[PDB]
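2 protein chains.
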Amino acid sequence: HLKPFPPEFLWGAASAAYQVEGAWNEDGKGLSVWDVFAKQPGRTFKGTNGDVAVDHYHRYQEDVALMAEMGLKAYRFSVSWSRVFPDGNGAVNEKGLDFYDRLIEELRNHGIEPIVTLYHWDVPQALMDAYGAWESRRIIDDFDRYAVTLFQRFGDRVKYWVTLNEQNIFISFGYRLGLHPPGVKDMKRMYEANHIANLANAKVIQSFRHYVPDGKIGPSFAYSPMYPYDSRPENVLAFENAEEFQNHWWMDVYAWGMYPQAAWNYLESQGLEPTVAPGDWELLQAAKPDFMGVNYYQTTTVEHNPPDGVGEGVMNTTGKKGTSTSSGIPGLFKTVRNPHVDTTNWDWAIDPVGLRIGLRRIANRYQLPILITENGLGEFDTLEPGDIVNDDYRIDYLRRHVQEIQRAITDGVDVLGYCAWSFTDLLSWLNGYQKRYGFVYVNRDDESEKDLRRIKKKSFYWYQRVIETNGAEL
Amino acid sequence: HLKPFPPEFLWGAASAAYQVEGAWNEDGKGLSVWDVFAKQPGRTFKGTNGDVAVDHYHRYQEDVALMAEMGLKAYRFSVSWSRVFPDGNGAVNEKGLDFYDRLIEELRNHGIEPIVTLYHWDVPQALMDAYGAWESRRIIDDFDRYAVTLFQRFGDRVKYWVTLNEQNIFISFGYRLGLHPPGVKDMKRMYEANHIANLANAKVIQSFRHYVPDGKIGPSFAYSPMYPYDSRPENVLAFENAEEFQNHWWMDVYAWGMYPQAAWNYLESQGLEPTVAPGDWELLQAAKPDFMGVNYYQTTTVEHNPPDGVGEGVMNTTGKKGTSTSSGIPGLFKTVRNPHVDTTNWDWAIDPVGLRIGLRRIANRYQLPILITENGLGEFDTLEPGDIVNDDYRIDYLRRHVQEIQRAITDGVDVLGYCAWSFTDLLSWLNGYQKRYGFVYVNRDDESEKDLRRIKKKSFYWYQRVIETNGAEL
Ligand SMILES: O=P(O)(O)OC[C@H]1O[C@@H](O)[C@H](O)[C@@H](O)[C@H]1O
Ligand SMILES: O=P(O)(O)OC[C@H]1O[C@@H](O)[C@H](O)[C@@H](O)[C@H]1O
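Taken in order, these protein sequences are the chains called B and A. Convert by adding 4 to the 1-based position in the first sequence; the result is the number in the entry's author numbering. Convert by adding 4 to the 1-based position in the second sequence; the result is the number in the entry's author numbering.
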């Protein structure tokens, strides 16, 4: 006997500002780091960018009407920092606040609960220009200022907030792999920026306790649960190293205010540990979140890796299956293909049991409620004559993950809600428009902008059915 | 770049009263549950019992002189509760207290640190007869009276104390597997007795803070870290289930005062959860220990197990290799042979890297210091002419574990000490005398006490060197 989904379970879907909004220079909006970065040659798939994206800024009324038709209980979206503070720092742009106020109003008028992500990777370029953005403690005061603005403005209508979206991704990709702005490959700077982001997250959770006393806040972590390749002790040890370095390094800070000691000692042995200042620990430890947000797509299997072994690997940005290669930390661990799971055309593992495992690990270790703020299947879709998108692959992916969530709930994990990625098709940062996640197909590709018309996929109706029955029918 | 062992690392060896002391009915000692149990036909190997054991009660001065020759920094022994309270909870037997006083004085006169185990499985039979011993909350006050008696008599001279030795073993063997007294096979009774023992542990730690304010105290957990068989998600899930039901069930209570939720919910779904009285949680949560005591011998590899699958397995008590069979909890997990590790003649896995993994898991999850209270190799030994015992297999085993401990210390695990099991050969509860662990061979077997003479094994001189060089020389 499975527990039922709780009565007010947030059946949701999600987007991110730069990926959907467009209107990149309208109504006072300032330059963001992604405005700049995406226009640099070779940074994105086929030079795609979010100048227009899917034009959600102008079509939000249509999109919300499709959410209402779907029956969504919740919609997760991010506020574009550069829309609200074009300089990051100076005067509020009221036109920018007015759009999100219009959007929230529309959501509530249709009975949809808004989930607002404060930061989804688009720090204003002015802050990067002024002081290096996440590499400077000044961004703590500046990020706080921007969040308190949003708290005061919308605290009365938005109950659920996410602080930083996938801090582990935009810090690592932006400062170690050089695939995100600022395009740096410097492990020392990476950990300094990561430590500052940790302090920013804690500071605004504290501010949230004052300005929105009845609300619920937490970060959203990009969680890939690690697996050992097999029962060889050296591979299990590699799994221990990988889970602590890739996952506990962030989630222990979110939940306990402390870095894990083995990873710290390893970084300290190389001078790579972050600069701690007086008060940092007191701040980090005095900022408990209401939940752990989890973005989940896949697990990662690892094995032992010699000190001279694999480092950076190839990542599949083209959808040509089988082109990614193993990556790792020399001496600690390396990724390896898990022969027991299928993979997508971008080589992502399809592992719905991995989601239950991951939910269990977080409940077991931190004792916190979980909001699944992203989960979904990115794949090619074909538009058929008659406005038919038969995305059975995506229905099956989502069905199996939702089934594992109910088993995790039965196991005692307190799951607050589930936000599928994504509501409409949107621009994938590094993969372009062909890597589609939406319940709603958007009519454009990487060559032609066409008309951006929305078309309901087969998965739209499946998920509408799920929400209708509170998950009882999948 | 290995860290050295700390200057005052407690290089130790260990015993347990019933396995070593003999003198089972001398100087006013009462019956323990093991005096009665081992004299029941069929309960022990070839009917062996601890009536004489290796006669340490009369020979302790010889044995301590050998410890000083070895240069032991610490000696871990248990107090026989039935020596001190012949009927468990009446008047104190002063001759019983006088033996441990003479032993402790003998240790301290040779510069050896006493490490006292309050409970190593031998609750007096009178308490079993009166109210069922660990199945009654009456044992909480009776164990507290006995602990405080020792705290007051010896607290000036003993700083390191262990409360319950391997609660997970004596409770599950005594109440689920029927292999220890009282010989019960009842899962409901097992979890009730286990909960009472948790309360008795917390209560004595509370008392300890009052009577030995400068001392250090902890339980000693029988830790077998779990491995998944491979990266199949269902086997990783079995591993999550195993680590939670076999390990977190006890260690979360010791460290955090809380049972893990997924295991609790599974027990509750069957009416197997223990009876919780008001005040239980407050007591369990207000008894933090100074260290986690870790008894380590081997890892366990697990895979998925259907609801009709494996339950109880065969355990090797004869030293005939390849006689153990798989065990598990149907629906949750089953053990499986780990093809990457060697095994002893009793089918115990030899996995020194598993100790490093186990130490890392405890440090990472609980941030506690660890005292390794047992580790060693039980094997056949041959006495050759000239009183020579060349146990290079034991040296090899111990050397590799001590090396993995040093690597764990380098990772940042705070390891207080290392007690090898055992100082002299002694009675193995279920395996008789032929399964030897000692640094010191004792001349006797299952059929004759012979002369009980002590003979230093090759490993004696190896450990002596280890201690002399503080582990620099392994
Ligand atoms: O677009 P991708 O690379 O396929 O990832 C899919 C999604 O999951 C996370 O990475 C991000 O929070 C989203 O913004 C989105 O990018
Ligand atoms: O004697 P065995 O079964 O080989 O195990 C060796 C040791 O195991 C631990 O569980 C006990 O604390 C010791 O008393 C000793 O028995």
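Every residue gets a Cβ at the ideal spot worked out from N, C-alpha and C, and that includes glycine.
Nearest-angstrom Cβ-Cβ length linking residue i and residue j, presumed shorter than 8 Å
| i | j | result |
| --- | --- | --- |
| A/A17 | A/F443 | 6 Å |
| A/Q171 | A/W254 | 6 Å |
| A/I144 | A/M71 | 34 Å between Cβ atoms; not a contact. |
| A/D429 | A/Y445 | 6 Å |
| B/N435 | B/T321 | 5 Å |
| A/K338 | A/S331 | 7 Å |
| B/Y61 | B/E25 | 4 Å |
Any chain B beta carbon closer than 9 Å to residue i
| i | result |
| --- | --- |
| A/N309 | no |
| A/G416 | yes |
| A/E244 | yes |
| A/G332 | no |
| A/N379 | no |
| A/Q371 | yes |
| residue 507 of chain A | For residue 507 of chain A there is no data in the structure shown, the boundaries of chain A being 5 and 478. |
Contacts of residue i in chain A (Cβ-Cβ under 9 Å)
| i | result |
| --- | --- |
| B/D148 | Neighbours of B/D148 on chain A: none; closest Cβ ~30 Å, over 9 Å. |
| B/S176 | The contacting residues do not exist; B/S176 stays about 21 Å from chain A at best. |
| B/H252 | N368 |
| B/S463 | Within chain A, no residue comes near B/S463; the closest Cβ sits about 23 Å away, beyond 9 Å. |
Residue i CB to nearest heavy atom of ligand 2 below 8 Å
| i | result |
| --- | --- |
| A/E170 | yes |
| A/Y64 | no |
| A/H124 | yes |
| A/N435 | yes |
| A/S328 | no |
| A/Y467 | no |
| A/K324 | no |
Neighbour flag for residue i against chain A, beta carbons, 9 Å
| i | result |
| --- | --- |
| B/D355 | yes |
| B/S228 | no |
| B/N342 | yes |
| B/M296 | no |
| B/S273 | yes |
| residue 1 of chain B | No information on residue 1 of chain B is available, as it lies outside the stretch 5 to 478 that chain B covers here. |
| B/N435 | no |
| B/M262 | yes |
Amino acids of chain B, ordered along the chain, whose beta-carbon sits closer than 7 Å to that of residue i
| i | result |
| --- | --- |
| A/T305 | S235 |
| A/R364 | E244 and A266 |
| A/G358 | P237 |
| A/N320 | By Cβ distance, chain B contributes nothing, its closest Cβ being about 20 Å from A/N320, past 7 Å. |
heavy atom of ligand 1 below 8 Å from residue i C-beta
| i | result |
| --- | --- |
| B/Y301 | yes |
| B/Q23 | yes |
| B/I119 | no |
| B/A226 | yes |
| B/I173 | yes |
| B/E378 | yes |
| B/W38 | no |
| B/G382 | yes |
| B/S432 | yes |
| B/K462 | no |
| B/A201 | no |
| B/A20 | yes |
Under 7 Å from the C-beta of residue i: neighbouring residues of chain A
| i | result |
| --- | --- |
| B/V240 | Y231 and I361 |
| B/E248 | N368 |
Under 8 Å from the C-beta of residue i: neighbouring residues of chain A
| i | result |
| --- | --- |
| B/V345 | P237 |
| B/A367 | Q265 and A266 |
| B/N474 | Within 8 Å Cβ-Cβ: nothing; B/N474 doesn't reach chain A, min ~21 Å. |
For residue i, the residue or residues it bridges with in DSSP
| i | result |
| --- | --- |
| B/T167 | In DSSP, B/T167 forms no bridge with anything. |
| B/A226 | B/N299 |
| A/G332 | A/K338 |
| A/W425 | A/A18 |
| A/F174 | A/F174 pairs with nothing; no bridge assigned. |
| A/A137 | Answer is none; A/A137 lacks a bridge partner. |
Chain B residues whose Cβ lies nearer than 9 Å to that of residue i
| i | result |
| --- | --- |
| A/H5 | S273 |
Under 8 Å by beta carbon: chain B residues contacting residue i
| i | result |
| --- | --- |
| A/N172 | The premise fails here: A/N172 is roughly 18 Å from chain B at the closest Cβ pair, so nothing lies under 8 Å. |
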